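The chain contents come next:
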Amino acid sequence: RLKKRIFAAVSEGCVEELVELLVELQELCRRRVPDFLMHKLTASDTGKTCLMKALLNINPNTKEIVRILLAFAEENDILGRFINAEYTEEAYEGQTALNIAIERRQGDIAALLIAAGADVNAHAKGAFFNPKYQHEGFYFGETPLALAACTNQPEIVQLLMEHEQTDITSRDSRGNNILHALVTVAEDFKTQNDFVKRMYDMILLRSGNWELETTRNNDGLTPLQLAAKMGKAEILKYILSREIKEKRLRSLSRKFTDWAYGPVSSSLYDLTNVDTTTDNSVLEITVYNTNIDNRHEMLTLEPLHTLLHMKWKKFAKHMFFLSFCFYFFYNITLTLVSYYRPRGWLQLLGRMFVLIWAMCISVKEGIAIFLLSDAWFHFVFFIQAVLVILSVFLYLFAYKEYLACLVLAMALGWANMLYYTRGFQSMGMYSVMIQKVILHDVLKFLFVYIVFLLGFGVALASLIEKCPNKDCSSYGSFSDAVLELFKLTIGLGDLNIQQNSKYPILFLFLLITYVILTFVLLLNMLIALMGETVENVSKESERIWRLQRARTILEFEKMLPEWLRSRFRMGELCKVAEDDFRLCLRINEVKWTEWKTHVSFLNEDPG
Amino acid sequence: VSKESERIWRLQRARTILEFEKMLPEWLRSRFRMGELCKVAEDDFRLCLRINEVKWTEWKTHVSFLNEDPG
Amino acid sequence: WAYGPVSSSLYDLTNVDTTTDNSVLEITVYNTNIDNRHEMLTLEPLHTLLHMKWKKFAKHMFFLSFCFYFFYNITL
C-alpha cells in the first residue's frame, strides 16, 4: 500500500506535501540496496515508473514534483537507471520520459530532463509507433528529435541539436533517418499549414553536408525518391529548387543563379538524380507511379517540365511520327489485300510486310503487357496483331474461314488509329475526352437501354400469334422483335399497327411506351449529363494528356541503344564550387517586381 | 441537381437501411448491437461509438482523457 | 486516447440508436415534414451509425432481395 499511495499522490497532483511525506517514509523504510528502490518505485506489469505517471497527467504543479522526484533519486545515487527507464510492454517498447515530456509539449521539463542525464537517442521501437494500418498508431521517426520535429516544436529541436551526445544521422528500424520521417509525415497545405518544409530546411542547414540526403532506407530510397514515390508534391517542389544564399553553405543547394543582369536572369538547375540515368531516378518514379493520383502537380515542377519538353522535341517527335507512318502503311496494305481478295514482285513484299509487322507488334505488346484505364491500348494492339497472324496462318492452311479474322482485324486497326491521334495537343485532348465520355456515361446508358430493349422485345414477341402467309406480321420470332425495336430507335423503320396481334391496343401501348422511355427520356437526359461532364473535364484534359505524353516519351527513351542515349544527354556541366562539377539545365527568366542588388552569382559578366 | 443528387440518394439509402432493420427478429438485433460499453465516470457505463480523428492545426497539451496510455 | 495529432473521440449512443420507442435516428429519417434532412443525416454519430449498419447487414439483405426479384422476373 506504499507504491499505490505514491502513484496516486504523484498523479493526482492535489499536493506536493503528501508525496514529500510519502518519500520521507520510503527513505526511512530503505534506511534498514538500490534494486529495492527500483522494484518499489515502478510497476512490474508494464515497466512504467513514477516519472512517466507524473508527466502523463500534467497539472499546474508538476514542475515541482518532477524536481523533487529526480532530486530524491539523485540523493540515493540511482538517477541513471531511474531517469533512463523504459517501458517493457510489447506494444510501446522503448518509450522513455523524454517522449512523454515532448508529446505533451512541455519545454521546461524537457530541458530539465535533458540536462539531468537522459538518453537522447531513445528508440521507441514499439508496436504503437511503427504501425501497420493507420489511424491506430503514430509513426514519427522513433527518436526524440524526430518527435519534436514532427509535432511542430522548433524550440525543442534547437535545444536537441545544440546538444553534443545527440546523433543526427541515426537510422531507425524501418531504415528512415530524420529526413525520411519528415517526408513520410508531410501532408499538404490545406491540412497542415506548411510547417514540415521549414523543419526540413532547418535540420538540413544545422548539419551542412550531403550526409543526410544520400542515405537509403530498407528499400534503397533517398528523401528525394521517397518524396517522389509517395505523392508529396510540396516537399518535392522545395527540394528540386532549393537556393541557399549564405556563403559557407552554398554547395548545399540545387539551383544557382549565375547570370543575372537586370530584370532578366538565368537560373541553372541541377540534374544529378532527376534525369533517368540511374537505377530509379525521380522522373521515372514520378511518371510510372500508378498509386498516388496526385501526378497532376508533380509533372509541372521546375526541372521535370523542361526535361520532358527537351526530350520530346529532341527525339520523341521523330520516333512517334515515324511509328505512326509505319502503322498507317501497315493498315493500308491490310485493307487493300483484304478488299482485293481472290473471289508477283510487289504483292509478296506486302504480304511479308504484314506478317513481320504483326509479329513485331505482338512481340512488343506481349513484352510490355506482363508489367501491370491507362494501358488497355496494349491489349487492343495485341488482339489486332493476333487476329492478323491467325488469319494468315489459317489461310496458308486448307481453310476458307480466314475472312472473318481478316476483316475484323482491318476494322480494329482503322478504329485503332485513335491512339496515334495523341501527338497533337488539340487532338490529344479530343481523344482523352472521348475516352472519358465512354467511361463516364455511355456504359451506364447502354446497360439500361439493353435491359429495356430485351424486355420489351420478349413482350412484343409473346403478344404475337403464329400465323400460318408468313408475310402476315413483322414481329415474329424474338430476333425480329428486338431488331424492329432497334431500328425504330435509330429512326429507320416503319411503325404500323395491323400486326396480326390479338390485343392490338395493348401492342400499341407497349410500342408507344418504349418509344417514349428511350427517345424522349434517356437520350436527352444523357445529353444533359454529358453537358455536365464536359464543363468539368476540359480543365483536366490538358493534365491527363500531358501525363500520357510523358509516359510515351519515357517509353521511347528505352528503345534506343546505349551510345545514342550517351549521345543526347540533356544538360551540360557547370563548375559550381571549389570542385563540384554537377550536370545542370539552364532556364532563363524575367521578373519585373522583385528589385534587388545582385550578390550571389557564378559569373560576373552575363553571356 | 447534381449537387443534391448525393444528398437525396443518401437519404433514400438511409430509409432502406432502417426499413431492413425491422424485418430481423429479436435475437439477431440483440446480436448486432453497434457500439460497445465504456465506463465513463464514477459509475456511468454508457454505450458508445469510437471515431478516430487526425488534426494538424490545433496543438494543445492534452489534459482530458479516459485511458492514459493510448491503445 | 489522444497522443499526437491523432486522437480517438468516443461518442455516446444512449438515445440515438433505434433501440427505444422513438430514437433520434428513426425520427430524423422518417420525418417527412421538414425538408431540412439534407443537413441532419450528416452529423457526428448518425453518419457512422448508418454506415456501420449498412456494411454490416444491409448490403447482404439488399443483394439477396435483388437476386430473388431477378429470378422471379426471369421465371415470369
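Residues numbered from 1 in each chain as written, not as in the entry; some residues may be left out. Chains lettered and ligands numbered in written order. Part of a larger assembly, values for the part shown. Heavy atoms only, no water. Residues with missing side-chain atoms left out of burial classes, pairs and counts.

Going by the header, the method for this PDB entry is cryo-EM, and the resolution given is 3.54 Å.

Moving on to the overall build of chain A. A count of helices and strands for chain A gives 23 helices and four strands. At 37 Å, chain A has a C-alpha radius of gyration far larger than the 25 Å of a compact globule built from 607 residues. Seen through its principal axes, chain A has C-alpha atoms that stretch 120 × 80 × 55 Å. (Helix = DSSP H or I, 4+ residues; strand = E, 2+ residues; numbered from the N terminus. Rg over C-alpha atoms; globule rule 2.2 N^0.38 Å.)

This next bit is on the packing of aromatic side chains. When the centroid spacing of 6.3 Å and the interplanar angle of 55° are considered together, the rings of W54 of chain C and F62 of chain C count as tilted. Across from the ring centre of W312 of chain A, 5.3 Å away, lies the NZ or CZ of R549 of chain A, which sits over that ring. (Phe/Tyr/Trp six-rings, centres within 6.5 Å; stacked < 30°, edge-to-face > 60°. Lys NZ or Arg CZ within 6 Å of the ring centre and 35° of its normal.)

Residue and element names in this part refer to chain A. UniProt marks residues 319-340, 345-372, 375-396, 402-421, 442-464 and 505-529 with the feature "transmembrane region" (unreviewed entry), using the numbering shown here. The span residues 402-421 carries 65% helix and 0% strand; its end-to-end C-alpha distance comes to 30 Å. Secondary structure content for residues 505-529 is 100% helix and 0% strand, while the C-alpha to C-alpha distance between its ends is 35 Å. (UniProt positions renumbered as here; feature names shortened; annotations may be inferred.)

Moving on: the interface of chain B and chain C. Interfaces are often described in size by the accessible area the parts lose on coming together. Listed per partner, the contact involves 35 residues of chain B and 35 residues of chain C. Only helix 1 (2-20), helix 2 (26-32) and strand 2 (46-54) of chain B provide two or more residues apiece to the side of chain B that touches chain C. By residue number, the principal contributor to the side of chain B that touches chain C is helix 1 of chain B, which donates 11 residues. Taken together, the residues that form the side of chain B that touches chain C break down as 18 nonpolar, five polar and 12 charged. Bridge analysis of strand 2 of chain B against strand 1 (residues 6-12) of chain C gives seven bridges, and the strand direction is antiparallel. (Contact = heavy atoms within 4.5 Å. Nonpolar A, V, L, I, M, F, W, Y, C, P; charged D, E, K, R; others polar. Pairing = 2+ DSSP bridges.)

Comment: phi is negative for the bulk of residues other than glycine, and the bulk of peptide bonds are trans. Residue and element names in this part refer to chain A. Although it is not a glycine, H135 sits at a positive phi angle of roughly 70°. Note that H135 resides in the loop between helix 8 (108-115) and helix 9 (144-150). Positioned with a positive phi, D293 is a non-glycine residue whose angle comes to about 65°. Along the chain, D293 falls in the loop between helix 15 (282-288) and helix 16 (302-339).

A word on the UniProt feature "repeat: ANK" (unreviewed entry) in chain A. Residues and elements named next belong to chain A. Per the UniProt record, the feature "repeat: ANK" (unreviewed entry) sits at residues 93-125 and 219-242. Measuring from the first to the last C-alpha atom of residues 93-125 gives 6 Å, for a span that is 45% helix and 0% strand. In residues 219-242, helix accounts for 62% and strand for 0%; the two terminal C-alpha atoms are 25 Å from one another.

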